[PDB]
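Given as structure tokens, the chain that follows is alone and in the form deposited in one PDB entry.
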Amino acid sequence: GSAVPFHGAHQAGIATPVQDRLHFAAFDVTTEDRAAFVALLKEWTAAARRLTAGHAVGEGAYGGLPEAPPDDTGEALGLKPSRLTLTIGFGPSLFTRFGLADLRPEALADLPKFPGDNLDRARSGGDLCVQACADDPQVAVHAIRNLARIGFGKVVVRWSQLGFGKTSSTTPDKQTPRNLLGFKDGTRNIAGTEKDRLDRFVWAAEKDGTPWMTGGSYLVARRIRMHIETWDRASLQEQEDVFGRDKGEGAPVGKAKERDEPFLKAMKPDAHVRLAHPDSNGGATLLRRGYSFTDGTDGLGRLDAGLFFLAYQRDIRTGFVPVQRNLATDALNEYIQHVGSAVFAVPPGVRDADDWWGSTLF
């Protein structure tokens, strides 16, 4: 139930232990006034400091003037901070505004088209994002709702995604969670304690060519539908062959324990783990941080199910792109479809109480 510190060289919500619940929102900007947008970023930062400490925004949820709307909507009153993190990102489309064109980072690359893509344009893209993660869904909804309210008239919500349970791990010392296909997901990631690996693969550096992004990261989001009718009639052996790990323990094929190192040549040549592994991709390594979703039924008598895939990396061109390209022949492709996509530059951390989100850019 404790608080995660909001200030630092980096934003929280990346290397932080993965929280139980997600509420992700993408926003489009509706003001042409640079000074007004800067004022919004400062007001959002002030609200974020309150929210992540478990306090109400502005002057509170009640006990003000009877004839005014309360500053805070009130539904988180009496709740603990619940490890709430709030992480902001800027999309490529932002840089066509406020005279920012020459500040767009090279590492913020547009993704190519990938075979099998079926992307809904309405639930793709966005000028900016806020990732809210917490152990309590009410706390996460409250944060997004209050940020959107403060932003009324300057930003609108383009699309949002809720995740009911995590399918990722930055804490190898704890139980690895399972996705809706029934497999552990998160065994070989990057842990929050692995400072050298974070510096090499996740955090942007001054020498990479964009000074304002030093200490930031780049985010890829993919909404992926799962064909669970098709999967649930597959044999156990089929399922295990798809991944290269057994279902019960999640060990590499032939080995006894989850965390034993994979021996790739024992897996099928189209196994997911074999294709995705850094040794198959010139060393390319990702920080995965996704969540499961279900949005009702599909109208054809079945539950809807999917995974909202989130990856952080130092450069989209050397992280997600080469790995996803290598997944063109993945056995898993028979059971999934990518139906939404977005990329964001995640700026550096808020250094102290006088700093603000985006201050290095603006």
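Residues that one form lacks are left out of the comparison. Here the rigid core means the biggest group of C-alpha atoms that line up within 1.5 Å when the two forms are laid on top of each other. Just count from 1 along the sequence shown to find any residue number.
The discussion below concerns the form deposited in another entry, not included here.
- Of the residues 160, 239, 214, 171, exactly one exceeds or equals a 2 Å C-alpha shift between the shown form and the other one once the rigid core is aligned, and that residue is 171.
- In summary, the C-alpha positions of residue 138 and residue 167 converge in the other entry, ending up at least 3 angstroms nearer each other than in this conformation.
- Between this form and the other one, the CA-CA gap for residue 120 and residue 168 widens by 3 Å or more, being larger in the other entry.
- Every Cα shifting by 2 Å or more, across three or more consecutive residues, marks a moved region; comparing between the shown form and the other one on the rigid core, the sole such region is 164-173.
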